[PDB]
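Let's start with one chain on its own, the form deposited in one PDB entry, as C-alpha cells.
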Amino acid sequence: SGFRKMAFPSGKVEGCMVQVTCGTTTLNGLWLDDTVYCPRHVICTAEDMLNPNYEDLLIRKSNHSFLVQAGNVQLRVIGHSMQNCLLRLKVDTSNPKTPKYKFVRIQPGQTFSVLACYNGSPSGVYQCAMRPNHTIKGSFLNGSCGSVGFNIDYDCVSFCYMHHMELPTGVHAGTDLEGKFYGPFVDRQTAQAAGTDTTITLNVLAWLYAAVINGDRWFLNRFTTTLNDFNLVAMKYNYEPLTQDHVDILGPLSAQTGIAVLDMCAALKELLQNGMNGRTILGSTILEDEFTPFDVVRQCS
C-alpha cells in the first residue's frame, strides 16, 4: 500500500560516472567499457556558446587536452571523436563496473530515473517524465551536464537521456546516448524555447487507477462516456487526446479494479469540468501525470 514517485536503484549507473575537464570547463561523463561519453560542449567556454562551431573547436584539441578522472584517478585518453552532440573519448582501461546496458530512445510521456551528478560525483536520484514538448522538469544546477537518465529492466540498464542544456523558462533539454536531441533544441545559447506543454492523459488515468487501488475513490461516478466525447473535453483543457491503443493499455488496471476505462474517463471528464474543490487524491490537489501505466502496475502489484 502507499504510492510514491519512485526512482530505479541508481547503483549500476553510479559506477559509470566520471569527471571530464577541458581547460576551465568541467562536467560529467559516462564510462562504459573503454569509452567515455559526455556532452560535446565541454570544449566550449561560456562565451563559445553564443555561436559555437564544434568541428572547428574539436580539431584544435588533442587526446591530451582532455582530463578524465574516475574519483581521484586520471584516465589516459587515447582517442576522441564526435557523435552528433556527444563527444566520445577512448581511454586505455576498461570500467569493471560496467553493467549490462543498451542505449534507447524513449517517447514523450514515458518516464525514467535521473542520477544528478556534479564533478563526476553522484548527488541525488529522482524520477521524471519526458514532457510532450520534449523537455524535462528537472533539478539541475550548473555542472550537472553529462548526468544521465535511465530505466532498469531485470539486470539491464537502458540509458535514454543525457543532460545538455537549461532553457529560458527553466526547463531542461538533452539527448539520447547517440547525441541526438529530444525536440528541436540545439547546444548553443539561442533564444530557442519549448512549445506549450500538455498534460499526459494516459498517465493521469493510470494515476487515478493507483488512487482507486489505494482506496481513494470519491471522484468516481455512475456515468460512462465515449472516446470521442472524452477527447472533446480533454482537449479543451490542454490534455492529450486518448486513443484506442491507450485504452487497450489501461486494460490490466481496469481488470484489477473492475472499473471500465471509459468509466474512469467519465470520472476524469467531471474532474476537469468541475475541479477538485480543495479535495485531494493520493495527497495531491492536482492531477499527476508523471506515472505511466506500467509504473502504476509495477508499484501497486
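Residues that one form lacks are left out of the comparison. For the two forms, the rigid core is made up of the largest set of C-alpha atoms that agree within 1.5 Å on superposition. Sequential numbering from 1, following the sequence displayed.
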Problem - Stretch with the higher entry mean CA B-factor, where the candidates are 137 to 145 and 118 to 126 - result: 137 to 145
Practice task
Would you tell me which stretch averages the higher CA B-factor in the PDB entry, 272 to 280 or 245 to 253?
Solution key: 272 to 280
Handout entry: Residue selected from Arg88, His164, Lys102, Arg188 by maximal Cα B factor
Key = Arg188
Practice task
Among the candidates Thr226, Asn84, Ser113, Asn203, give the one with the maximum CA B-factor reported in the record.
Solution key: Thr226
Fill in the blank from the handout: Chain-relative C-alpha B factor for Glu178 (record values, thirds): the middle
Problem - Within-chain third of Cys160 by Cα B-factor, per the entry - result: lowest
Handout entry: Relative C-alpha B-factor of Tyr54, binned into the chain's lowest, middle or highest third
Key = highest
Problem - Record-listed C-alpha B factor of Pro96: chain third - result: lowest
Fill in the blank from the handout: On the chain's distribution of Cα B-factors, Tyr209 falls within the third called lowest
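The same protein has a further form, the form deposited with a partner chain bound, not shown here; the description that follows concerns it.
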Handout entry: 4.5 Å heavy atom contact, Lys269 to its partner chain in the deposited bound form
Key = no
Practice task
Examine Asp229 and determine whether its closest non-hydrogen atom to its partner chain in the deposited bound form is within 4.5 angstroms.
Solution key: no
Exercise for the section: Considering only heavy atoms, tell me if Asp187 and its partner chain come within 4.5 Å of each other in the deposited bound form. Expected result: yes
Practice task
Flag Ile200 as yes or no: does it have a non-hydrogen atom within 4.5 angstroms of any non-hydrogen atom of its partner chain in the deposited bound form?
Solution key: no
Fill in the blank from the handout: Heavy atom within 4.5 Å of its partner chain in the deposited bound form, from candidates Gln192, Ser94, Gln83, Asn221, belongs to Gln192
Problem - Heavy atom within 4.5 Å of its partner chain in the deposited bound form - the one residue of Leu205, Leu87, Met165, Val148 that qualifies - result: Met165
Completion exercise
Which of 236 to 244, 41 to 49, 261 to 269, 59 to 67 lies within 4.5 Å of its partner chain in the deposited bound form, heavy atoms considered? The stretch 41 to 49
Handout entry: Regions of at least 3 residues displaced between the shown form and the other one by 2 angstroms or more (CA, core superposed)
Key = 45 to 47
